[PDB]
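S.K.: Chains as they are written, first to last, in the deposited numbering: chain W, 1042 to 1140; chain V, 695 to 744; chain Y, 546 to 595; chain E, 299 to 347; chain C, 745 to 828, 852 to 942. Each residue gets a CB set at the ideal place from its N, CA and C atoms; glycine is no exception. Take this structure, written in structure tokens, and hold onto it; I'll ask about it next.
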Ligand SMILES: *[C@@H]1O[C@H](CO)[C@@H](O[C@@H]2O[C@H](CO)[C@@H](O)[C@H](O)[C@H]2NC(C)=O)[C@H](O)[C@H]1NC(C)=O
Ligand SMILES: *[C@@H]1O[C@H](CO)[C@@H](O[C@@H]2O[C@H](CO)[C@@H](O)[C@H](O)[C@H]2NC(C)=O)[C@H](O)[C@H]1NC(C)=O
Ligand SMILES: *[C@@H]1O[C@H](CO)[C@@H](O[C@@H]2O[C@H](CO)[C@@H](O)[C@H](O)[C@H]2NC(C)=O)[C@H](O)[C@H]1NC(C)=O
Ligand SMILES: *[C@@H]1O[C@H](CO)[C@@H](O[C@@H]2O[C@H](CO)[C@@H](O)[C@H](O)[C@H]2NC(C)=O)[C@H](O)[C@H]1NC(C)=O
Ligand SMILES: *[C@@H]1O[C@H](CO)[C@@H](O)[C@H](O)[C@H]1NC(C)=O
Ligand SMILES: *[C@@H]1O[C@H](CO)[C@@H](O)[C@H](O)[C@H]1NC(C)=O
Ligand SMILES: *[C@@H]1O[C@H](CO)[C@@H](O)[C@H](O)[C@H]1NC(C)=O
Ligand SMILES: *[C@@H]1O[C@H](CO)[C@@H](O)[C@H](O)[C@H]1NC(C)=O
């Protein structure tokens, strides 16, 4: 709606019988595949991400943002605890570090 | 020519695959929108009588 | 040419076969007086922009 | 303004007004210096048509 | 078909020409509305799989494969259920600039991009995402935690399938 991509700002400038908008926008530059999982089963408990999605590089797992690859180690601050491992579909086995 | 629907693209849906950006681009685009049309009016004495 | 209006002296040149002058949108802007051969511009009695 | 709106009460704002406020009282005629009479007598009264 | 056609046209043609410019402006305005609604995104996408969207059946709203028309079954019912120069003394019907095939293709591209990529596809390069994780993000946007979704994925899938089946039966029956 406001330019093309994720919107940062728009600067208006006048024009004779018109207005021109300079839209500063955010565009994802490069792409990369990752393996993903909905939740992590640790100590018999299901862990769901508070913010971000789970990605995997090789065998090891991180949680990261949807719009930028900033891998952070999974922590009890990063994920919240709810449910059980049985009812969730697609859960993988991993560990949850705690500070 | 036939009207372009746009650039052709293909993405492979998967139940266990995600695509996360590694780099980002800050872009300035231009959108031009008309605001007003030049106001006109008619003089009735000139239009009818002259 | 019978009409009520204001007369104006203008620098408009007429060919000898052309007596009456019409402006754009067929109004009579200019006319050549018979007694004095000056070309006289025709302007409205009221400008009407009040 | 009252005449153009066609009402005694006029509300607040701008109103374009059209009316012959002038009403000129002067008539001028300018015809060329020709004053000799036309030969209508010859055409109408010719002995032979 | 009258005689002295040139004189009548010269005497009364620009009035009709102005009215025809008005009608042409109306027509190009309607084409502008069609492009305004059906052409948000120019990127065209295709959906290979049919039944891996977290148990959600999408056979009838997505365009079916192996048919010359890009039309879906629901859009088949939509075009089926609605019934439509000398004859009109010169009034003509201009065809739409966007034909129905590319309108169906635009809807197909919107559906394919939405299902494959969430909200991302219009921003730039399409980022693939599972449909269940997209539903988790939509629930998080609403305000309910995503843990409900993975606790009742089959229930929501069955409710969605039953709802679209009810819509199919409503549109198929005469009403
Ligand atoms: C994925 O990337 C992470 C982060 O770089 C790798 O984890 C590191 O691996 C090296 C070698 O195994 C260790 O020395 C570091 O201590 C690890 N750091 C972290 C943050 O875990 C991980 O090995 C990579 N996985 C693969 C092989 O793709
Ligand atoms: C994740 O770990 C759990 C246990 O921590 C695994 O559950 C075991 O699965 C084996 C294989 O059938 C059974 O013999 C055990 O009885 C299970 N143990 C428990 C406590 O349920 C589970 O299979 C692992 N998941 C994966 C994908 O490897
Ligand atoms: C993301 O893309 C930008 C391009 O805008 C990269 O910046 C370039 O980095 C190289 C290597 O240092 C420089 O030679 C170029 O001059 C940079 N470009 C500009 C416009 O300054 C950036 O390195 C990329 N980031 C990653 C992680 O790949
Ligand atoms: C999704 O729903 C459609 C219709 O609701 C299913 O299509 C049916 O398919 C079976 C064979 O699998 C046919 O016998 C039926 O006649 C079809 N129904 C109609 C209305 O044509 C489709 O199978 C469903 N998807 C899955 C994966 O089961
Ligand atoms: C992700 O995988 C698909 C299929 O293997 C491939 O076509 C695509 O190029 C990959 N993505 C990137 C960024 O390489
Ligand atoms: C994901 O899709 C693949 C491809 O068919 C399939 O083999 C696998 O069973 C699917 N997994 C889940 C959890 O749906
Ligand atoms: C008519 O006569 C006047 C003076 O008697 C003279 O100034 C004028 O030029 C004459 N006009 C013509 C057309 O003869
Ligand atoms: C026209 O000529 C006749 C004689 O043929 C004459 O009697 C008559 O009076 C003339 N008319 C005029 C205008 O004098």
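#1: For the stretch 315-327 of chain E, enumerate the residues whose C-beta is nearer than 8 Å to any C-beta of chain Y, in chain order.
#2: Could you tell me the distance, in whole angstroms, from the CA atom of residue 316 (chain E) to the CA atom of residue 729 (chain V)?
#3: Got a sec: does ligand 7 put a non-hydrogen atom nearer than 8 Å to the Cβ of residue 585 (chain Y)?
#4: Whole-angstrom Cβ separation of residue 912 (chain C) and residue 895 (chain C), contact assumed at under 8 Å?
#5: What does a CB cutoff of less than 8 Å around residue 1125 (chain W) pick up in its chain, not counting 5 residues either side in sequence?
#6: Taking 9 Å as the threshold (C-beta atoms), are residue 898 (chain C) and residue 823 (chain C) in contact?
#7: By Cβ distance, which residues of its chain are closer than 7 Å to residue 1078 (chain W), with the 5 residues on each side in sequence left out?
#8: Should residue 831 (chain C) be listed as close to ligand 5, given that the test is whether its C-beta is under 8 Å from any heavy atom?
#9: What does DSSP give as the partner residue(s) for residue 702 (chain V) in the beta ladder?
#10: Tell me, please, whether the stretch 586-593 of chain Y touches the stretch 729-740 of chain V by the rule of three or more beta-carbon pairs shorter than 8 Å.
#11: Can you tell me the Cβ-Cβ gap for residue 923 (chain C) and residue 804 (chain C), rounded? I've got them flagged as a contact below 8 Å.
#12: Mind checking residue 758 (chain C): buried by the 16 CB within 10 Å criterion, or exposed?
#13: Just jot down, in chain order, the residues whose CB lies closer than 5 Å to any heavy atom of ligand 4.
#14: Select from Y:550, Y:548 and Y:563 the residue whose C-alpha is nearest the C-alpha of residue 582 (chain Y).
#15: Residues of chain E with a CB under 7 Å from the CB of residue 730 (chain V): which are they?
#16: Indicate whether at least one CB of chain W lies closer than 9 Å to the CB of residue 779 (chain C).
#17: Taking Cβ to Cβ, would you say residue 1060 (chain W) is nearer than 9 Å to residue 891 (chain C)?
#18: What residue range is occupied by the uninterrupted alpha helix (DSSP H) comprising residue 820 (chain C)?
#19: When you compare the CB of residue 897 (chain C) with every CB in chain W, is at least one pair closer than 9 Å?
#20: Give the residues of chain W in contact with residue 701 (chain V), contact being defined as C-beta atoms less than 8 Å apart.
#21: Report the three-state DSSP secondary structure of residue 936 (chain C) (helix, strand or coil).
#22: Comparing alpha-carbon positions, which option in V:717, V:725, V:724 and V:721 lies nearest residue 1110 (chain W)?
#23: Tell me the DSSP bridge mates of residue 1098 (chain W)?
#24: If we define contact as Cβ-Cβ less than 9 Å, is residue 707 (chain V) a contact residue for chain C?
#25: Which stretch, first to last residue, makes up the alpha helix (DSSP H) that contains residue 884 (chain C)?
#26: Mind checking the stretch 1062-1079 of chain W against chain V and listing, in chain order, the residues whose C-beta falls within less than 9 Å of any C-beta there?
#27: Can residue 1072 (chain W) be considered in contact with ligand 5, in the sense that its beta carbon sits closer than 8 Å to one or more heavy atoms?
#28: Just curious, the beta strand (DSSP E) that residue 840 (chain C) is in, first and last residue?
#29: Rounded to a whole number of angstroms, what is the C-alpha to C-alpha distance between residue 577 (chain Y) and residue 340 (chain E)?
#30: Would you identify the three-state DSSP class for residue 1049 (chain W), choosing helix, strand or coil?
#31: Determine, using beta-carbon pairs with one atom in the stretch 1107-1123 of chain W and one in the stretch 755-769 of chain C, whether at least three such pairs fall under 8 Å.
#32: Counting only beta-carbon atoms, is residue 1047 (chain W) nearer than 9 Å to chain C?
#33: List, in chain order, every chain V residue whose beta-carbon is nearer than 9 Å to that of residue 1044 (chain W).
#34: For the stretch 574-588 of chain Y, which residues have a CB atom closer than 8 Å to at least one CB atom of chain E, in sequence order?
#35: Given that residue 704 (chain V) touches chain B, what residues does it touch there, using C-beta distances under 8 Å?
#36: Under 9 Å between C-beta atoms, does residue 734 (chain V) make it to chain E?
M.R.: The relevant details are as follows:
#1: 315, 316, 318, 319, 320 and 322
#2: 31 Å
#3: Every heavy atom of ligand 7 is 8 Å or more from the Cβ of residue 585 (chain Y), so no.
#4: 24 Å between Cβ atoms; not a contact.
#5: 1085, 1086 and 1087
#6: no
#7: 1095, 1131, 1132 and 1133
#8: Missing here is residue 831 (chain C): after 828, the next number in chain C is 852.
#9: C:788
#10: Three or more pairs of CB atoms, one per stretch, sit closer than 8 Å, so the stretch 586-593 of chain Y contacts the stretch 729-740 of chain V.
#11: Not a contact, Cβ separation roughly 18 Å.
#12: exposed
#13: That gives C:795, C:801 and C:803.
#14: Y:563
#15: None at all; the shortest Cβ gap to chain E is about 18 Å.
#16: no
#17: no
#18: Here the alpha helix (DSSP H) through residue 820 (chain C) covers 817-824.
#19: yes
#20: Neighbours of residue 701 (chain V) on chain W: none; closest Cβ ~13 Å, over 8 Å.
#21: helix
#22: Comparing alpha carbon positions, the residue from V:717, V:725, V:724 and V:721 closest to residue 1110 (chain W) is V:717.
#23: W:1101
#24: yes
#25: 867-884
#26: 1062, 1063, 1064, 1065, 1066, 1067, 1068, 1069, 1070, 1071, 1072, 1073, 1074, 1075, 1076, 1077 and 1078
#27: yes
#28: Here chain C is numbered 828 followed immediately by 852, so the structure offers no position for residue 840 (chain C).
#29: Rounded to the nearest angstrom, the two C-alpha atoms are 32 Å apart.
#30: strand
#31: By the criterion of at least three beta-carbon pairs nearer than 8 Å, the stretch 1107-1123 of chain W is not in contact with the stretch 755-769 of chain C.
#32: yes
#33: 721, 722, 723, 724 and 725
#34: 578, 579 and 580
#35: The structure shown contains no chain B; its protein chains are W, V, Y, E and C.
#36: False, the Cβ-Cβ gap to chain E never drops below 9 Å.
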